[PDB]
Structures are given as C-alpha cells and as structure tokens.
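Engineer: Have a look at this one before I ask anything.
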Amino acid sequence: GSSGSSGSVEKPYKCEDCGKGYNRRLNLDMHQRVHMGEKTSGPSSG
Ligand SMILES: [Zn+2]
C-alpha cells in the first residue's frame, strides 16, 4: 500500500536500542540510562 506516518526522527543522533532522536550528543549518552532497568508495576493502587 502506502505508508507515511513512519519516520519520526530528524536528528544527527539516534539510540541504537530503540531508535530515539536527539540533536545533542550528551542527551544520547545519558538517554541510554532508560535501558538500565524495567518499570516495576508491583501492587498498584491508583
Ligand atoms: Zn534508547
């Protein structure tokens, strides 16, 4: 068919894990952090 929505990154840098976009080097280096653990749902209340 025909696609378009795809392609939501216009930065000279991108995470080699998810594919995020960052117009800064540091932002990326630090970003990796996200891929350090995993959200713990556990016994939720709200
Ligand atoms: Zn990432």
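Naming scheme: A, B, ... for chains in displayed order of the structure tokens; residues 1 onward per chain; ligands 1 onward as shown.
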Write out as a ChimeraX atom specification all residues of chain A that backbone DSSP assigns to helix (DSSP H, G or I).

Structural biologist: /A:25-36

Engineer: Please check which protein, DNA or RNA residues sit within 6 Å of ligand 1, counting only C-alpha atoms and all ligand atoms, and write them as a ChimeraX atom specification.

Structural biologist: /A:15,17-18,20,32

Engineer: Between atom CA of residue 39 of chain A and atom CA of residue 12 of chain A, what is the distance in Å, rounded to a tenth?

Structural biologist: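 Between atom CA of residue 39 of chain A and atom CA of residue 12 of chain A the gap is 28.7 Å.
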
Engineer: Could you check how far atom CA of residue 14 of chain A sits from atom CA of residue 41 of chain A, in Å to one decimal?

Structural biologist: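 Separating atom CA of residue 14 of chain A from atom CA of residue 41 of chain A is a distance of 28.1 Å.
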
Engineer: For residue 21 of chain A, please output as a CSV table (one decimal) with N, CA, C and O atoms, in the first residue's frame all residues within 12 Å (counting only C-alpha atoms; exclusion window: fewer than 6 positions along the same chain).

Structural biologist:
chain,number,residue,atom,x,y,z
A,7,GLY,N,8.9,7.3,10.3
A,7,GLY,CA,9.9,8.3,10.2
A,7,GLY,C,9.6,9.5,11.0
A,7,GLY,O,9.2,10.5,10.5
A,8,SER,N,9.9,9.4,12.3
A,8,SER,CA,9.7,10.5,13.2
A,8,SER,C,11.0,10.9,13.9
A,8,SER,O,11.0,11.2,15.1
A,9,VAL,N,12.1,10.9,13.1
A,9,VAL,CA,13.4,11.3,13.6
A,9,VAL,C,14.1,12.1,12.6
A,9,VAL,O,14.3,11.7,11.5
A,10,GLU,N,14.6,13.3,13.0
A,10,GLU,CA,15.3,14.2,12.1
A,10,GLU,C,16.6,14.8,12.8
A,10,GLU,O,17.0,15.9,12.6
A,11,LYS,N,17.2,13.9,13.7
A,11,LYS,CA,18.4,14.3,14.4
A,11,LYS,C,19.6,13.6,13.9
A,11,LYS,O,19.5,12.4,13.5
A,12,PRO,N,20.8,14.2,14.0
A,12,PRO,CA,22.0,13.6,13.6
A,12,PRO,C,22.4,12.4,14.5
A,12,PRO,O,23.5,11.8,14.3
A,13,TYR,N,21.6,12.2,15.6
A,13,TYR,CA,21.9,11.1,16.5
A,13,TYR,C,20.6,10.3,16.8
A,13,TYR,O,19.5,10.8,16.8
A,14,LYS,N,20.8,9.0,17.1
A,14,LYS,CA,19.7,8.1,17.4
A,14,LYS,C,20.2,6.9,18.2
A,14,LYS,O,21.2,6.4,18.0
A,15,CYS,N,19.4,6.6,19.2
A,15,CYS,CA,19.7,5.4,20.1
A,15,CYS,C,19.7,4.1,19.3
A,15,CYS,O,18.8,3.8,18.5
A,27,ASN,N,22.7,14.2,25.5
A,27,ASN,CA,21.4,13.7,25.6
A,27,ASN,C,21.3,12.2,25.3
A,27,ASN,O,20.6,11.5,26.0
A,28,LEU,N,22.0,11.7,24.3
A,28,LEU,CA,22.0,10.3,24.0
A,28,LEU,C,22.8,9.5,25.0
A,28,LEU,O,22.2,8.6,25.6
A,29,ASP,N,24.0,9.8,25.3
A,29,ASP,CA,24.9,9.1,26.2
A,29,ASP,C,24.1,8.9,27.5
A,29,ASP,O,24.1,7.8,28.1
A,31,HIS,N,20.7,9.3,27.8
A,31,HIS,CA,19.5,8.6,27.4
A,31,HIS,C,19.6,7.1,27.7
A,31,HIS,O,18.7,6.5,28.3
A,32,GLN,N,20.6,6.5,27.2
A,32,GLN,CA,20.9,5.0,27.4
A,32,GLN,C,20.3,4.6,28.7
A,32,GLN,O,19.8,3.5,28.9
